[PDB]
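Trainee: my complex, first installment, coordinates as in the assembly:
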Amino acid sequence: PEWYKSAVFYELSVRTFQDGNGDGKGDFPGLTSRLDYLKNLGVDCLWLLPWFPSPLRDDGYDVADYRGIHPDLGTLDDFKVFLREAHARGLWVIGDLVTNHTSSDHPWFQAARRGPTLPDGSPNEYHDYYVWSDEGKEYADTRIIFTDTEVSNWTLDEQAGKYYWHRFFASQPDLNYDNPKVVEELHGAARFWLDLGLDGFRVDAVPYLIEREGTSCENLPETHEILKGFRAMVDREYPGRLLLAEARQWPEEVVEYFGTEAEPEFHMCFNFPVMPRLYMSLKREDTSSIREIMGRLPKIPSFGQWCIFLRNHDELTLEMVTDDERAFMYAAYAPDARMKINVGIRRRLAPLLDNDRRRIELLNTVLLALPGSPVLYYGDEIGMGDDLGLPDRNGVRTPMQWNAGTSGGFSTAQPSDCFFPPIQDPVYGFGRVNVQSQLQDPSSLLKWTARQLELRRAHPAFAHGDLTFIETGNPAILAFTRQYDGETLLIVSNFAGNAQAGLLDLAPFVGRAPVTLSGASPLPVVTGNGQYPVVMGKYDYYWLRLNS
């Protein structure tokens, strides 16, 4: 069983996790000091957000050199030391491979915008690196992903006197995947890092690579043909290593990015479609939305493994839901206008659940109990909040809060001089929410989280089991099984804020004794026709074993 199947991932922005030189910006020297924390929390893989040189207009997803380390974060040596030390400790590391586009400041585009043919008469290698147009009329019927900023997907470079394509920001010019030179250019970039010992990538914005006139330009098969090339490259050149796709898409298109047994594609994809239904079912006290969405997920290849997440560095995306659901979400979870952005809500996990421990522990159990490898977003293990006064998605990207000293331990510089200012308010401020406190608090959320991860660690049916929903007779109770290697788990959870009664249909399991995973307290043995009755308190989760 491959390593990425049993792994727990944890996502972080180097620039915001821990600064080590008082300049007010996170860095690899500082990240390297903290590796002990992550490891003993129960994290196996780190996934760092982009670390490359870049004018930082989409926080360094606008890459200006693929083989660099942004000055801010340290040097290539620091990076190597970081890597060596993660590895020393049993930690895997992966990064973000930004494939669909670069910054407008990349030397490549600086050459491209000269003209189609060089002033000395000769032709320009770099102009057919990008995607140009004269009138800029192609690919209408194409959505504008950054709706609150971009009015079109073609913009007008003056130096070139033509239009260029960008699904994202104007300064993030899209890369021409019809030019096979460009495919070799990125093959280089991935070799570069993989040679250093990096254990994989999360690859970014992958549906949008190839663009055909008369289609939406998402999930095209040519796109997939390209990706197939990369996984081919890795399957040959670097056995073991991981490829992980971000695809914000409906469930039938999302599965496509695993490929087939015969034509393998990605090792992992994020389960984007389950994550909103989690929040929705919460507010509706109705888990149906969850059952439907999981029931629309085909078997994936032997090698595939789902990637499960609650939140991340981005807005809670609501693009891939019906209009009716979208509006309902906004009213229930985004009452103020500055809580919205693009087609999504820009908030951290805890503020979304109104800082309610009970609801928080609940939705983390379901993150753990589903089929996949879970990824934690940094700071949510201690219950960090947001600063909605920061532009774009910066309010969920504040500094990690280590203790109650200056800037919460992230830096010796005053908050004002940090790159993003650490939360100081009475509820979510570092005064009250920080790691050092919760390493001393016996009942803290951090201890709770460490202690539950460990519990999942001791049962592999979580990581590797099959799944099968149960009948509860009550939409607020959601039950399912996980079997793997002789182990049958029964996970029941109550999405209602008050007590709820179910009748569980355990017909398949007649004669078996249920017991608690924690302490094996015995429950009555299934009998009769196997209709097991239950009552459940507000937001309870029962994690169970069935013994034959």
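Mentor: Everything's here; your move. Numbers count the residues shown, from 1 in each chain, chains lettered A, B, ... in the order given.

Trainee: The residue most central in space within chain A: which element?
Mentor: Note on chain A: the residue nearest the mean C-alpha position is residue A:312, at 5.3 Å, using CA atoms, centre = their mean. Counting by DSSP states H and E, no helix or strand carries residue A:312.

Trainee: Surely it touches residue A:377?
Mentor: Yes. Proximity of residue A:312 to residue A:377 meets the contact threshold set by CB atoms under 8 Å, at 5.3 Å. Every C-beta, even on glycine, is put in place using the N, C-alpha and C of the backbone.

Trainee: what residues are shared contacts of those two?
Mentor: Any residue near both residue A:312 and residue A:377 by CB atoms under 8 Å, 6 or more residues apart in numbering counts here, and that gives residue A:11.

Trainee: Would you state the strands of the stretch 201-350 of chain A in chain order?
Mentor: A:242-245, A:268-270, A:305-308, A:316-317, A:344-345 (DSSP state E, counting those that start in this stretch).

Trainee: Please report how far the residue nearest to the centre of chain A lies from residue A:248.
Mentor: Residue A:312 sits at a distance of 11 Å from residue A:248 (criterion: CB to CB, to the nearest Å).

Trainee: again with residue A:476
Mentor: According to CB to CB, residue A:476 and residue A:248 sit 28 Å apart.

Trainee: swap in residue A:520?
Mentor: In terms of CB to CB, residue A:520 sits 41 Å off from residue A:248.

Trainee: Same question for residue A:524.
Mentor: Distance from residue A:524 to residue A:248, by CB to CB: 44 Å.

Trainee: Of those two, give the one with the bigger neighbour count.
Mentor: residue A:248 (18 against 9; other CB atoms under 10 Å).

Trainee: where does that one fall, phi/psi-wise?
Mentor: Backbone geometry at residue A:248, expressed as degrees, to the nearest 10, gives phi -80, psi 90.

Trainee: Wait, it touches residue A:321, no?
Mentor: No. If you go by CB under 8 Å, residue A:248 and residue A:321 don't touch, sitting 11.0 Å apart.

Trainee: residues touching the residue nearest to residue A:350 when sequence neighbours are not counted, list them.
Mentor: Nearest residue to residue A:350 in three dimensions, chain neighbours excluded: residue A:383, at 4.5 Å (CB to CB, 6 or more residues apart in numbering). Applying CB under 8 Å, 6+ apart, we find residue A:383 in contact with A:349-350, A:355, A:360, A:428, A:433, A:445.

Trainee: now residue A:536
Mentor: A:477, A:492, A:494, A:499-502, A:542.

Trainee: before we move on, what about residue A:543?
Mentor: A:365, A:369, A:455, A:489, A:491, A:516-518.

Trainee: from those, which ones fall inside helices?
Mentor: Assigned to helices by DSSP state H, the following of these qualify: A:365, A:369, A:455.

Trainee: one more, chain B:
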Amino acid sequence: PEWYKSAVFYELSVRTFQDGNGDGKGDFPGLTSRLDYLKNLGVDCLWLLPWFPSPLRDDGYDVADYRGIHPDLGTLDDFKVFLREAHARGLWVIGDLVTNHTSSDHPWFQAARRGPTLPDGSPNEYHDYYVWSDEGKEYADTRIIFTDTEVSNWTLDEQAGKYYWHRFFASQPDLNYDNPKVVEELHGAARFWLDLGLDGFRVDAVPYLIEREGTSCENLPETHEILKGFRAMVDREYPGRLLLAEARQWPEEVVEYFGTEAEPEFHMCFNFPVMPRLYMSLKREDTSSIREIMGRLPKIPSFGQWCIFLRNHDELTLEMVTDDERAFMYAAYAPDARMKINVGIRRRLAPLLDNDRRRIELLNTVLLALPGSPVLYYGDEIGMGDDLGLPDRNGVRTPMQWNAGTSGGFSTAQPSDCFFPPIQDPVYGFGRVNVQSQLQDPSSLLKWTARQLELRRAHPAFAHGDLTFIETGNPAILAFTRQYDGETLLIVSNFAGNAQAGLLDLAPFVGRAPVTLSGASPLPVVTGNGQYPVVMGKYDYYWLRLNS
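Mentor: Below, chain B sits with the chains from the block before:
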């Protein structure tokens, strides 16, 4: 129905609650400015600890003047407006009344220790206020309560040249209750406050009033008669007021202190024995002991009511349990030797339960669902902690933590200057635990507690209903019913730290559906033989109503 029966009491010390002027001592003006806080919290009566002028040898139970107020706290006027402002907001306030003895600094005793007659020949009215002996030998066959500091119960005064009787500290001389002038004083002290519109008294040290040769000098009939005299007086002149006995004796020893229908005495007494038991049941995962001790409660007069609590200004008293019981408690709740004192444990509530919100709620619900007027202790609504770095039981008498400003909002004095220092530790310190945070946090403990007091208030069966334990078939689960006026309450509670299953014997209520007091979500109806199977999560509490 008499106000004291429905009410929720709240115990604070003025000296430690809020400081108006920055002297570093709480006082009435400061207290006055926090009355909205208390109104909104949900409580009905303020029990104040001793505010009388005193040298403070025995924490102000050593009184220098029963008709004044200690100067640290304010003036008689400050008190009158505090009282006018409490009342204006529907709060009753009661005070501490120390009947058996005064301080050696009381004028009475200073004037008493001259001699049986004056330097002008004439006799000395105040010689007979206290209790004198020539050889000091009477009243062997009586114990020395404070076995630690005191040797004798007679102490030699050189100025009077005689011995005086004192049950307590030698600076707390017994009043001479066989002298009728003194009974007059006791009545006049009580009348002073009752005129100001004080609503009642906690009456202190009653068993030891009268002392007789040849007895225990405890619980004597003569002493009961004075209290009847006392009760009689208040019924005549100030009807509606409350007299509550402080007195730590088993419930069947204490019933007497209510008196009888014909000859009233005290309106309320404390029930001590359940208190330790709730704690023990939790950690033994077994509730027999609670059932058993409510089972053994005597009948009490119509006007009677029991008082009932969790923690307070003193140590968790383990006098009222078996030795084997006392060991379990010390083993489970007092790992550190220095958490022990005086057959008790000197820790606040959240620390006792490892700051575990679930356990903390668990226990408060039961306190509030059980018969008896509950008294809550300042600071436990926000989960304050303790300072064992302070002597005696001053660990649990730290200043209230209002916000995260200087001295946690209590004073403008720096922490070192405050009367006792506010707690600053990582877990329970005012940077992390305070009112300002908890009001701003939609899911705080403080808000929860108000929710719950609201919930109690809506169902009179909690104040006036009878009590009937049911079966469950599993010790960790504790179920009972409250009934008054047609309404029937069913409150089920889980004392185990993991899921548990029960079979509730609801035979008396077949054909009836239980429903949630919170959002009125209903459950399966009761059917057949009336055995109603349940499941409960760790430390759950189910507050239910039964409809016909």
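
Trainee: Once more for the contacts of residue A:536, now including chain B?
Mentor: A:477, A:492, A:494, A:499-502, A:542, B:535, B:537 (CB atoms under 8 Å, 6 or more residues apart in numbering or on different chains).

Trainee: any chance you could read off phi and psi for it?
Mentor: phi -150, psi 140.

Trainee: Identify all residues paired with it through a beta bridge.
Mentor: residue A:500 (DSSP bridges).

Trainee: just to revisit the earlier point, now, among the contacts of residue A:536, which is nearest to residue A:395?
Mentor: Nearest to residue A:395 out of the contacts of residue A:536 is residue A:494 (CB to CB; 31.0 Å).

Trainee: how near is the closest residue to that closest one other than its chain neighbours to residue A:106?
Mentor: In space, and not counting its chain neighbours, residue A:494 is closest to residue A:536: 4.2 Å by CB to CB, 6 or more residues apart in numbering or on different chains. Distance of residue A:536 to residue A:106, given as CB to CB: 55 Å.

Trainee: next one: residue A:262
Mentor: In this view, residue A:262 and residue A:106 are 36 Å apart by CB to CB.

Trainee: Who has more neighbours out of those two?
Mentor: The neighbour comparison of residue A:262 against residue A:106 (other CB atoms under 10 Å in any protein chain shown) goes to residue A:106, with 23 against 6.

Trainee: what's around the closest residue to chain B within the stretch 1-150 of chain A, how many residues?
Mentor: Relative to chain B, the nearest point of the stretch 1-150 of chain A is residue A:37 (16.2 Å; CB to the nearest CB). Residue A:37 has 16 neighbours, counted by other CB under 10 Å.

Trainee: now do residue A:68
Mentor: Residue A:68: 16 neighbours (other CB under 10 Å).

Trainee: Apart from its chain neighbours, what residue comes closest to it?
Mentor: Residue A:68 sits nearest to residue A:53 (CB to CB, 6+ apart), 4.0 Å away.

Trainee: Let me know whether that neighbour touches residue A:62 as I believe.
Mentor: No. Counting by CB under 8 Å, residue A:53 does not reach residue A:62; the two are 10.3 Å apart.

Trainee: Can you pick out the residue with more neighbours from those two?
Mentor: residue A:62 (24 against 20).

Trainee: quick one: contacts for the more buried one?
Mentor: Taking CB under 8 Å, 6+ apart, we find residue A:62 in contact with A:54-56, A:101-105, A:169, A:171-172.

Trainee: switch to 10 Å and redo it
Mentor: Shown in contact with residue A:62 (CB atoms under 10 Å, 6 or more residues apart in numbering or on different chains): A:50, A:52, A:54-56, A:98, A:101-106, A:168-169, A:171-173.

Trainee: do residue A:87 as well
Mentor: Shown in contact with residue A:87 (CB under 10 Å, 6+ apart): A:93, A:197, A:199.

Trainee: Spell out for me the ChimeraX command that would select the buried members of the residues you listed.
Mentor: Command for ChimeraX that selects the buried part of these, burial taken from 16 or more other CB atoms under 10 Å in any protein chain shown:
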select /A:93,199
